[PDB]
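The figures that follow rest on heavy atoms only: side chains count, while hydrogens, waters and symmetry mates do not. Start at 1 with the first residue, then count along the sequence. Whatever order the structure lists ligands and atoms in, that order sets their numbers, starting from 1.
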Amino acid sequence: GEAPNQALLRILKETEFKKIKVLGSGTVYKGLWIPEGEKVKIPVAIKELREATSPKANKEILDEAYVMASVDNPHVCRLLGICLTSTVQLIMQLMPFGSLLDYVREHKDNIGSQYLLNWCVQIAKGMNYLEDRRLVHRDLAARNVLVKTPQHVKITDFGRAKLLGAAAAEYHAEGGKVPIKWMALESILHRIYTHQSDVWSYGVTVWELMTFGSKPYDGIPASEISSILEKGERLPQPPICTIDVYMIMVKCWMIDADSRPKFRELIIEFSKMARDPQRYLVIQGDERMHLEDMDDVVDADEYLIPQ
Ligand SMILES: */C=C\C(=O)Nc1ccc2cccnc2c1
């Protein structure tokens, strides 16, 4: 019916890694992973559940683990393994600069057009790969992209991710706390999710980046979004955006899903713009901007296990 998912899920001993410090409150730690019987140290982020008495929460972390184990792309976050102690631990690649949402808010005065457009390309490559894998993210947002380096971002948070119905080329959900301000009209109205609903949220994510992390429809209640969208209203042109960039964002927000660009087309359009960034974004001072033993440290991206 479909191709078998031969991804490996790696179980790690808790003695294989050291928590160095806390990054956020379950709880995320900065840490180091020594693959058992390998002379390598891998910077990791270790996500540990708090209560561990919640069967619900345990199902949710393993779903995430299932999806992150099944993706292998330079622009999607990858899981190194899980640890089944009292509290289940997810070990992933450390992404030391944090979320791109925070990163553009914190660095709004240092970020030039070449970085914004290259990020739009990389997120499009990430999302096109996911589409190839028949995977619908359903929660794409500048908060859900992480910064390995200012040159290199990755889509994260597969908590909401689901497969597309090949026989049913759409997903059908039922309740929760949801990101109304990022969602396609068909999603808010009919809980319909596709790759094309992922393109709508890709549009909003590009608007967050191009406004240096402004809040979409700030001050408008979630209850009002569906009406506003139905009245043909959309997020306004960011000051730095040429009409070229903004028109692409607007195409991602068309009511007809099949009228939106494909991720493969967004790769192409942002790359053309990436070859001449000052033609496509106008930024003040753009021209003048730049962004134990570590002996056996290697990045996760240079740590490959056989396929
Ligand atoms: C690409 C693996 C991954 O998802 N890494 C991840 C997750 C959370 C987080 C928080 C703070 C710093 N780095 C990371 C990295």
_Atom of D301, atom of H152 and distance for their closest heavy-atom approach_ =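 Minimum heavy-atom contact is OD2-CE1, 4.0 Å.
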*asked:* Looking at every heavy atom in both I123 and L100, which two are closest together, and how far apart are they?
replied: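 Taking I123 first and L100 second, the nearest heavy atoms are CD1-CD2, 4.2 Å.
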Heavy-atom distance under 4.5 Å between the side chains of [X] and [Y], does that happen here?
{"X": "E106", "Y": "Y103", "answer": "no"}
{"X": "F158", "Y": "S70", "answer": "no"}
{"X": "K30", "Y": "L94", "answer": "yes"}

*Which one holds for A45 and ligand 1: side chain close, backbone close, both close, or neither close, with close meaning a heavy atom under 4.0 Å?*
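Under 4.0 Å from ligand 1, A45 contributes side-chain atoms alone.
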*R78 contact mode with ligand 1 (heavy-atom cut-off under 4.0 Å)*: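 The answer is the backbone of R78.
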*Flag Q93 as yes when one of its N or O atoms lies below 3.5 Å from any N or O atom of ligand 1, and as no otherwise.*
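Yes, since at least one N or O of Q93 sits under 3.5 Å from an N or O of ligand 1.
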*Could you tell me whether the side chain of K13 and the main chain of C83 form a donor-acceptor pair under 3.5 Å?*
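The answer is no, because no donor-acceptor pair under 3.5 Å joins these two groups.
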If you have a sec, work out which protein heavy atom is nearest [atom] and how many Å separate them, to one decimal?
{"atom": "atom 11 (C) of ligand 1", "value": "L23 CD1, 3.7 Å"}
{"atom": "atom 6 (C) of ligand 1", "value": "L146 CD1, 3.4 Å"}
{"atom": "atom 10 (C) of ligand 1", "value": "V28 CG1, 4.2 Å"}
{"atom": "atom 12 (C) of ligand 1", "value": "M95 O, 3.2 Å"}
{"atom": "atom 4 (O) of ligand 1", "value": "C77 SG, 2.6 Å"}

_Per atom 7 (C) of ligand 1, closest listed option by heavy atom (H75, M92, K30, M68)_ =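 It is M92 whose heavy atom sits nearest to atom 7 (C) of ligand 1.
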*Numbered atoms of ligand 1 (with element) below 4.0 Å of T156, judged on heavy atoms*: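 Near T156, meaning under 4.0 Å from one of its heavy atoms, ligand 1 has 4 (O).
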*Could I get the full list of side chain to side chain donor-acceptor pair (under 3.5 Å) partners for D139, not counting sequence neighbours?*
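For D139 the side chain to side chain donor-acceptor pair (under 3.5 Å) partners, ignoring immediate neighbours, are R143, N144.
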